[PDB]
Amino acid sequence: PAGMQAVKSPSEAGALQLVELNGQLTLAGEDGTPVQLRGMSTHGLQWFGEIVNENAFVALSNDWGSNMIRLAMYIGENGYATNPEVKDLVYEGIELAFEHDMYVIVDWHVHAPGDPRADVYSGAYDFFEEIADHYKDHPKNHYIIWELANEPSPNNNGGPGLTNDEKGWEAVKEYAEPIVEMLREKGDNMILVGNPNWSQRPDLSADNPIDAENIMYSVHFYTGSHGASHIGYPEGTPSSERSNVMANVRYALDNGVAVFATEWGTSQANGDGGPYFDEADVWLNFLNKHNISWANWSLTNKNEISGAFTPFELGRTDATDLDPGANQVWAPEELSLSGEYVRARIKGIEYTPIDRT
């Protein structure tokens, strides 16, 4: 569609880098021109790993027009720590993304607990070392983007949580710096680093950034809970006052770091409520105007509003199969309100939703 110039495929854009455009750092391809990635995040690979299949990745790359996909590998909550097999899906997902021309975000999905240094996350360094080692030599190694800790937060389910302040950011930085260094020894691939309060604090990262190349900081928002803002923080505003997620993004960009919206939803923070579409238009027009890449949560048929596919509803609707079949397209009524909207926004087409009767 028109205005989609920057949403380039990896075959075209090549290795990603950060360039200074108008005093701010932005994602760019090999030739230095800005590139924006738009795509979907899987739900937990231990719960909805069925989405990693040929027809689904063809549909998402071609029919939905995604130039990226995010693979959410939970470690706690019956993920990788207790069920190592889920890593097989990370490999398969990378293979399909390579084949179907999408950048792929390998996400160590820190979530419960919220401190990435917690014991259950002990395999983080070895996990990234292993995946990086396998792909170092691959001609398509530059398609991989590493996301080291999804949502640092106060969540204390299964270990310690983190505070929403400098101490919480310093904890993430302490976790991240050895892994960043090892990953830099293996390549130049972009690393996306989460930050406090469920990655709502890229501003704390801007105040104290990781000294390394090609590091971007996450922002996560749900349009039912995180209200848009047009007034940025006054110069000199201390971190204690910075609670509006949109204004925190503007702060990060104005203060020298690059941001990547690695996860957002059309519901309230939980994954339910709404959807909140007029809000989603304001947030995505903000992201798009400022060349911030985004991954929407999520590729699931679970009955929750953020889920992209129609759920089982006893009365009348069976859950959409996460494999779309040979035609490699999911029919309109097989996408939920949220999935239908997000597909239109990834594609950059007009939002013309079907009558759901």
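We number the residues from 1 along the sequence you see.
Between 143 to 151 and 267 to 275, it is 267 to 275 that carries the larger average Cα temperature factor according to the deposited entry. For the pair 258 to 266 and 78 to 86, the record assigns the higher mean C-alpha temperature factor to 78 to 86. Out of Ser205, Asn244, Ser199, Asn156, it is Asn156 whose C-alpha atom has the highest B-factor in the PDB entry. The entry lists C-alpha B-factors for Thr317, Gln36, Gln46, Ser306, and the highest of these is at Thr317.
Placement of the Cα temperature factor of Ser218 within the chain: lowest third of the modelled residues, per the deposited record. The entry lists a Cα temperature factor for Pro113 that places it in the middle third of the chain's modelled residues. The entry lists a Cα temperature factor for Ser66 that places it in the lowest third of the chain's modelled residues. Among all modelled residues in this chain, the alpha-carbon of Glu177 has a temperature factor (C-alpha) in the middle third.
Among the modelled residues of its chain, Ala326 has a C-alpha B-factor that falls in the highest third, as given in the PDB entry.
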